[PDB]
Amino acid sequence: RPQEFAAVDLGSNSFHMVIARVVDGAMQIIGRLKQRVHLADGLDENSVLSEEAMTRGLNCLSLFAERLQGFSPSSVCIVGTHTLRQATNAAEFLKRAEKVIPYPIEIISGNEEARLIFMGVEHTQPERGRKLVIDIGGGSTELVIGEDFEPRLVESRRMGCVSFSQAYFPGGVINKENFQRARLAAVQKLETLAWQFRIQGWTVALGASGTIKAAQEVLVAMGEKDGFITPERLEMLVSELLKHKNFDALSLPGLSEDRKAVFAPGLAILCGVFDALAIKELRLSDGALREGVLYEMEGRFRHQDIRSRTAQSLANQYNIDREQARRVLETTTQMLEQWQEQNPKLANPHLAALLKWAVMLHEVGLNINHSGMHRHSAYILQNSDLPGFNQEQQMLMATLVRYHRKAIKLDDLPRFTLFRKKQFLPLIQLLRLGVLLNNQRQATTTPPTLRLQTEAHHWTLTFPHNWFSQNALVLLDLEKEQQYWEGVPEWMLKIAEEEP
């Protein structure tokens, strides 16, 4: 039986339990239970947790305990974060919980919390290199810069969307002076770290938790479909926010009812983080504290390049013929480099990387069926949980694979928020030809030279002199592909041989 374990996050807004089993190097989620306990809402001005909040929390823990019956304590990790760190009657809550759930609650430090969030990012997110990770919680904010599974700068500050609500927006009143007071308070807590962080720098800035997730959802709902948080987009958010007089009137697109009461103080802190660190683009990370517990503390997953780790896992799960993947990769890369030289304005290194991963993974669907494999592979790639690829990157890979066989219908293409069609359409063409030219698998006869010439979507592939006199089946398959391209307006595939 595969190893199973549970990560339990007793946070400021929700109590959240995840149960997973480890199979072939993949973290397979097998259960998830969450309730919006709103524990942070129960902290009064003296940091005493109300009876009402403790009662909601204990009721949630009793449900978790029912689901964890029989689990070894070695397979359960329950962490309490800033709300339980901050509550002066935290011992009372733990006393009650001991009678309800038979696993100890580990109240972790802000340093430990920041490290766990970073580790969840490192185990799951696409971007490699130095990264800035921001998490604005209910009563604490964590900021980390690190790389290669190693935090370098680790900071936590006592500010969050709930604790700033009453302090700076008493009675839930929204005006520019309340907002600016909250925003300047956040900058002041970041004063002593701001330049240290800017000087370390980062390849990407990533955010986690409700406040940042809410900001991303409001922007997307307001038409900014890519979801990146930028200073200009924050300015628009603040302007729409300040058109409301109270939390009760808040009617922003994409703002959930759960987030209405904390969106203004959260947005103030987010603006202060941007002012302090001069962030230009912040992207929401879907991996955070719970993934740090699962991947690092419990699963002990390998510290290696995440996309490669995920690809190795998929090769085991899906019996990937590695020699087939490799010969397709070599052919596709040889043509890609010629296409790139001839079309430097279309060349995109991030898209080129995804084309190569799509080559590695294009046969994952072969265990379902040879018939329609391109669809079955795309189904797996689109719907799986793949560390190292966000949803757009997954959708792009799945799209390249989906289109690598049979009739090409460009009207069925997904809409991408970032990727431009002019830049990934030639990648479909390259994948189709690279797979085709290796479709005899280990029987493939690899041409010693292969020249690609492009004029818009008219492509000429030239093979050695007299090549096809020995490779009639390749030519039949290429002639079929020519008919497929003939079916795409403006496309044309020409096949040629070198002169003697």
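Numbering starts at 1 and runs along the sequence shown.
- Relative to its counterpart among 431-439 and 447-455, 447-455 has the higher mean temperature factor, C-alpha atoms as listed in the PDB entry.
- For the pair 195-203 and 224-232, the mean B factor over Cα atoms is greater in 224-232.
- Across 154, 329, 100, 214, the entry's maximum B-factor at the CA atom is seen for 214.
- Residues shown: 172, 292, 138, 365. Highest C-alpha temperature factor in the entry: 172.
- In this PDB entry, the Cα temperature factor of residue 388 sits in the bottom third of its chain's modelled residues, the lowest group.
- Among the modelled residues of its chain, residue 486 has a C-alpha B-factor that falls in the highest third, as given in the PDB entry.
- Residue 210: CA B factor lies in the highest third for its chain, per the PDB record.
- In the deposited entry, the Cα temperature factor of residue 62 places it in the lowest third of its chain's modelled residues.
- In this PDB entry, residue 86 carries a Cα temperature factor that places it within the middle third of its chain's modelled residues.
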